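Summary of structural features
If you want the building blocks of each chain, they are given just below.
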There are 2 protein chains.
Amino acid sequence: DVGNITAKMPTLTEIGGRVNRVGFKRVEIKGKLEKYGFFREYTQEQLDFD
Amino acid sequence: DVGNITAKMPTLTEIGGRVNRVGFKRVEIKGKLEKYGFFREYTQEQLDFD
């Protein structure tokens with residue numbers, strides 16, 4: 001918006017002084033790990049006689 | 001006896017398992033020993049004057 005930008009511009013006078021201060025920030029991102037698996041069983045007789 | 005023998009035969013299925021366990025035994029025997037003996041005595045004049 002033009003009005004908000006104009007109304008909050010960092011103007012400076014002749015005397016200066018503590019008139020405009022700013023700050024900065026950082027955030028963090030995460031991750032994870034998981035384990036999966038599956039198995040199968042059988043017998044010998046269900047292989048030879050098939 | 002055919003019934004008793006066929007009722008205790010070591011049959012097996014297709015999954016195995018803990019079945020048909022056996023054992024053994026042993027027995028000791030002994031023998032002995034002993035001593036024997038006997039003697040005879042006589043006099044000198046028995047032989048001379050006979």
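Sequence order as written determines residue numbers, which begin from 1 on each chain and need not coincide with the entry numbering; residues that lack coordinates are not included. Chains carry letters and ligands carry numbers; both start at the beginning, A for chains and 1 for ligands, and go up in the order they are written. Each value listed here was derived from the chains shown, which are themselves a piece of a larger assembly. The side-chain quantities take in all heavy atoms of the structure and omit both hydrogens and water.

Judging from the entry metadata, cryo-EM is the method by which this structure was determined, and 3.30 Å is the reported resolution.

1. Some points on the overall build of chain A
Stated precisely, the cut-off is as follows: To qualify as a helix, a DSSP run of H or I must reach at least 4 residues; to qualify as a strand, a run of E must reach at least 2; elements of each kind are numbered from the N terminus. What the globule rule says is 2.2 Å times the number of residues to the power 0.38, and the radius of gyration is computed from C-alpha atoms. Only protein chains enter the accessibility calculation, which uses a 1.4 Å probe; a residue whose area is less than 20% of its type maximum is buried, one above 50% is exposed, and one in between is partly exposed. Positive residues here are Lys and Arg, negative ones are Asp and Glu, while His and the chain termini are left out of the count. Charge placement uses NZ in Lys and CZ in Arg. For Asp and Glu, CG and CD serve respectively.
Counting secondary structure elements, chain A contains two helices and zero strands. Taken over C-alpha atoms, the radius of gyration comes to 35 Å for chain A, far larger than the 10 Å a tight globule of 50 residues would show. Each of the three principal axes of chain A carries a C-alpha extent, and together these read 100 × 25 × 10 Å. Each of the 50 residues in chain A was classed as buried or not, and the buried ones make up 0%. Separation between the mean location of the 9 positive side-chain charges and that of the 8 negative ones in chain A comes to 23 Å.

2. Some words on the pattern of salt bridges
Residue and element names in this part refer to chain B. Under the convention used in this document: Think of a salt bridge as a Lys or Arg side-chain nitrogen and an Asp or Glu carboxyl oxygen that are within 4 Å of each other.
With the rule as written, the count across this model stands at one salt bridge over all chains. Put simply, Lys 30 and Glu 28 hold a salt bridge, and the shortest N to O gap is 2.9 Å. In terms of burial, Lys 30 and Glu 28 fall into one category: exposed.

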